[PDB]
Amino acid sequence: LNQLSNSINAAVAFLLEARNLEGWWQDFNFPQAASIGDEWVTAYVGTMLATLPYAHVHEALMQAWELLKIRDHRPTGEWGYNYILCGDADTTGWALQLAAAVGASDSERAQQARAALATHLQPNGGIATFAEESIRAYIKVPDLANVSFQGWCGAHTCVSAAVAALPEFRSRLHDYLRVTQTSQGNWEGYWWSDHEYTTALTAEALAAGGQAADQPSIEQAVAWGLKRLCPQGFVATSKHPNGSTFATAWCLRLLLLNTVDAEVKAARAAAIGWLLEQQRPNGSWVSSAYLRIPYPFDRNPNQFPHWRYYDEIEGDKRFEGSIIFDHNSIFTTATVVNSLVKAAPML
């Protein structure tokens, strides 16, 4: 436990010191286009840090909420990737989770944002990231008149899973989240390479609902998570064959939804041990939060075989069909420390 405490405290120090002077957490980059994310990253990192019982962390969260309130430039009341992007449902969801942590769920901005988030609900019962009219105004791509946005404006399981953390959206999204579970027990996301993200968030939402009917689905997801974790205590990926910190943190969160099984308990202990070993001297973990950018018409990004990492491409390049990452390691570090704090009592 002493090791865990030092690891968590070093990560908290990194994250608080990694803010800019205004107080934003910034991460990800679309060079010479959308640039660096702030609203989305700050909402997410704030939410991750809400599990800490520290006064100075709660002060940082309250400042993060003030900064989000200052970003009131969109008429819908939504938030986005950063100032220059249009509003999106995922960002707005994470912002409302942060609002809940600082007791602002019934604030006028939170009510406005909640109403806007509700309009993204589709006929199939899932949440869409973008409204077509909004994202069409914002992007500058050739031949926009002959480009479908069926992918970017369709219902997304990763966003639905995140939004379902809000109790007031859980009932609306329940059936959609149930039908989208695979035969292997997991869910597949749209914007994310790692299925552990969407799978953990969906299983958490169903657990939080507490329906007896959903318990078999939750247990199937936990069984998938146990399979995904190697004996050494990591989730191996194509990009990180010796362990992704981001995928491992989300898998650790998934494995918390079973408190009785002895092998699941052992698996979490292996994951904690490995994550402790992987921590950098400055308190961070190595960047592995892989956000992918499908083509706007791509309904099935999990069946796109051409993914490349944007920073590794030589010559003239496009963001479509590429993968970007959290270059500052803030998004990854926030994810890992949250998983360690949540998992520590169940050792």
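Residues carry their position along the shown sequence, with the first being 1.
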The stretch carrying the higher mean Cα B factor in the deposited entry, 242 to 250 or 142 to 150, is 142 to 150
Going by the entry, of stretches 163 to 171 and 260 to 268 the one with greater average Cα B-factor is 260 to 268
In this crystal structure's PDB entry, the residue among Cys158, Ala100, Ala200, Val179 with the greatest CA B factor is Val179
The residue of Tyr44, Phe28, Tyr309, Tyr290 with the maximal C-alpha B-factor according to the PDB record is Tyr309
Assert third(CA B-factor, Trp285) within chain per record equals middle
Entry-reported C-alpha B-factor of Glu59 relative to its chain, by third, is middle
Binned into thirds over the chain's modelled residues, the C-alpha B-factor of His195 lands in the lowest
The third of the chain into which the C-alpha temperature factor of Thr333 falls is the lowest
Assert third(CA B-factor, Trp40) within chain per record equals lowest
